[PDB]
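Our numbering puts the first residue of the sequence shown at 90, with every later residue one more than the last. From the three backbone atoms N, C-alpha and C, an ideal C-beta is built for every residue, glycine too.
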Amino acid sequence: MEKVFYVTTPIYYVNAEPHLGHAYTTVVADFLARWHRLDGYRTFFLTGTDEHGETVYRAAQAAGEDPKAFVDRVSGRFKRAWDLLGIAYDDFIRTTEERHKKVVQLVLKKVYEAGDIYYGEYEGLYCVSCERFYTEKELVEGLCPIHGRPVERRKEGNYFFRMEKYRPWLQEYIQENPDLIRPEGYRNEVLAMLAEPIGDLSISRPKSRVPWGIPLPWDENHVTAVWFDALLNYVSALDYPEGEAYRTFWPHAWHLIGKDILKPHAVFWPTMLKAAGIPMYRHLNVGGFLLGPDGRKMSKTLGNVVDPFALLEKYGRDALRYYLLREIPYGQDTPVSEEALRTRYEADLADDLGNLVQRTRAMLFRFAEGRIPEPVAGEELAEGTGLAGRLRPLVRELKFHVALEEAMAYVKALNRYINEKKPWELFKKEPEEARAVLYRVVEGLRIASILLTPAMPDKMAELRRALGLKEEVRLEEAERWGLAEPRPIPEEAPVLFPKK
Ligand SMILES: [Zn+2]
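Shown next as structure tokens:
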């Protein structure tokens with residue numbers, strides 16, 4: 090009724106091996122979802138896999154497996170990847186699901202009955218071996234990018250969608266809705282796209298050519314083009330028509346994507362929505378490329394590919410998540426490297442945060458009978474309660490890196506305070522004063538740990554446990570001072586961020 094958050098990631102080609110790009114987009118969507126859940130929002134986080142098309146079908150036959158059984162198996166790679174990365178999604182939609190088929194056909198019908206679909210002839214360069222058309226731009230030296238052999242000009246009957254009909258509306262909508270396309274730079278890129286005619290697009294191909302997919306409701310002899318099929322996942326996962334999920338979350342839809350698929354989301358998708366009579370989404374948030382160490386786009390031929398699972402294996406889920414969120418301004422092409430993750434890990438996590446927790450524990454045993462002291466005013470550290478309010482807008486404006494920098498700045502402030510006040514000296518002439526300074530550091534760690542939870546869920550809970558603090562938290566708790574209770578801390582606690 091009041092606070093609702095809906096975020097989606099693109100559904101990935103089911104047969105593609107999970108890589109850094111997939112990992113990044115999903116981790117960002119997870120941070121957003123986790124953050125809004127923490128801030129009291131009714132949240133829905135969607136992700137999934139695109140499993141239709143002749144390419145996957147071919148792959149299945151190649152492997153000598155039934156197509157459905159094939160996608161059931163390979164989709165597991167993404168599910169395992171998300172499990173490994175600690176992604177807490179609410180739903181994992183697969184385009185083979187029955188509910189997806191029903192929504193796609195129901196939407197196709199509306200658009201059909203609305204007069205935006207006609208039968209025409211598709212002509213162009215064709216590779217009979219790939220059984221698909223190719224634009225000169227797709228050919229590699231005028232040859233099939235797959236078979237590396239010449240292509241021929243063929244014709245094929247296809248049903249088409251009158252997308253151009255909606256260009257005028259779309260151009261005006263984007264012009265009137267300045268914040269629709271998030272990172273500013275991409276809005277201009279899309280406005281440039283909408284400048285020229287966008288024409289009509291093929292929305293189907295004969296089942297004889299593409300046998301894997303959703304049939305058109307008015308012609309079971311044709312299969313819905315994968316582009317159209319995949320995009321509707323955003324509403325089919327909400328059971329669009331009658332689903333209460335659709336009524337609840339669609340009005341707050343936030344789509345996260347890599348710039349690679351900007352056109353389909355900023356141009357195709359909006360016209361489909363308008364044609365079907367579905368409200369526009371609230372925001373399209375465009376991410377940039379994660380470049381290799383050398384600053385160039387990642388590619389095997391360049392040998393600058395960075396494996397996210399190798400990094401996760403070596404440094405751990407939390408270290409990787411924190412690094413991707415802190416080091417990369419969302420939307421800005423940025424180089425990534427193990428060395429950068431390592432430095433970030435050792436500096437920010439092992440030193441700044443981890444060691445502070447460890448020496449706080451030590452000092453609590455030395456000057457506080459191994460427990461949290463009685464609460465006292467925060468004084469110079471009370472400002473920590475203002476961080477949540479400062480970070481909210483940052484997070485919502487996709488400035489995750491700035492949000493994390495400010496949270497860590499407070500952590501550095503806590504370190505600075507101890508070395509400044511020196512409770513080990515105050516204890517000499519006045520222990521009570523030493524216990525007051527200690528309480529302030531513990532309460533500060535509590536607040537900071539809350540703000541960082543969406544980035545490092547497991548490790549922040551472990552930090553909380555290490556200080557005997559309430560483990561499950563709410564962002565609102567980070568806005569009040571004196572909540573840490575004077576209870577005993579665990580006799581022993583493992584090193585929060587161990588050396589790697
Ligand atoms: Zn080919």
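Residue i classed as buried or exposed, judged by whether at least 16 other C-beta atoms fall within 10 angstroms
i	result
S297	exposed
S538	buried
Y207	exposed
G366	exposed
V446	buried
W358	buried
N277	exposed
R271	buried
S164	buried
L453	buried
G405	buried
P267	exposed
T390	exposed
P543	buried
Euclidean distance between Cα positions of residue i and residue j
i	j	result
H108	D396	7 angstroms
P583	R256	59 angstroms
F338	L487	20 angstroms
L214	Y223	5 angstroms
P512	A523	4 angstroms
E469	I507	12 angstroms
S293	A502	60 angstroms
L540	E521	29 angstroms
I235	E106	18 angstroms
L552	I461	14 angstroms
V375	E514	52 angstroms
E186	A177	21 angstroms
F133	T97	8 angstroms
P99	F516	56 angstroms
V530	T449	8 angstroms
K588	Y434	9 angstroms
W316	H141	10 angstroms
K226	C233	11 angstroms
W301	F378	31 angstroms
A492	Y499	11 angstroms
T138	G533	41 angstroms
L442	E253	54 angstroms
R410	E472	27 angstroms
Identity of the residues DSSP links to residue i by a beta bridge
i	result
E210	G246
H111	None; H111 has no bridge partner.
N374	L345
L232	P239
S291	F249
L135	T97 and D180
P577	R460
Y146	Beta-bridge pairing links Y146 to no other residue.
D308	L305
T423	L379
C216	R221
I270	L373
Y323	Answer by DSSP bridge pairing: none, since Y323 is not bridged.
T313	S293
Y102	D139
Residue nearest to residue i in terms of C-alpha spacing, selected from the options
i	options	result
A326	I270, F181 and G478	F181
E416	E402, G405 and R431	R431
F249	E227, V200, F454 and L558	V200
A112	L280, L345 and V217	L345
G475	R188, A567 and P330	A567
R169	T542, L320, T115 and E532	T115
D128	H372, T97 and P482	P482
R554	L564, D155, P577 and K589	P577
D318	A334, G288, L195 and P424	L195
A466	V526, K510, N504 and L391	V526
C216	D268, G288, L373 and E241	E241
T144	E220, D268 and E91	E220
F456	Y528, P353, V500 and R479	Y528
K92	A118, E532, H125 and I303	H125
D179	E265, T423, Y95 and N393	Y95
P382	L373, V394, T390 and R371	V394
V117	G347, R336 and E565	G347
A477	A158, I536 and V160	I536
Residue i: CB within 8 angstroms of a non-hydrogen atom of ligand 1
i	result
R147	no
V240	yes
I235	yes
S218	yes
Within-9 angstroms CB hit, residue i to chain B
i	result
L351	In the displayed structure, chain B is absent; only one protein chain is listed.
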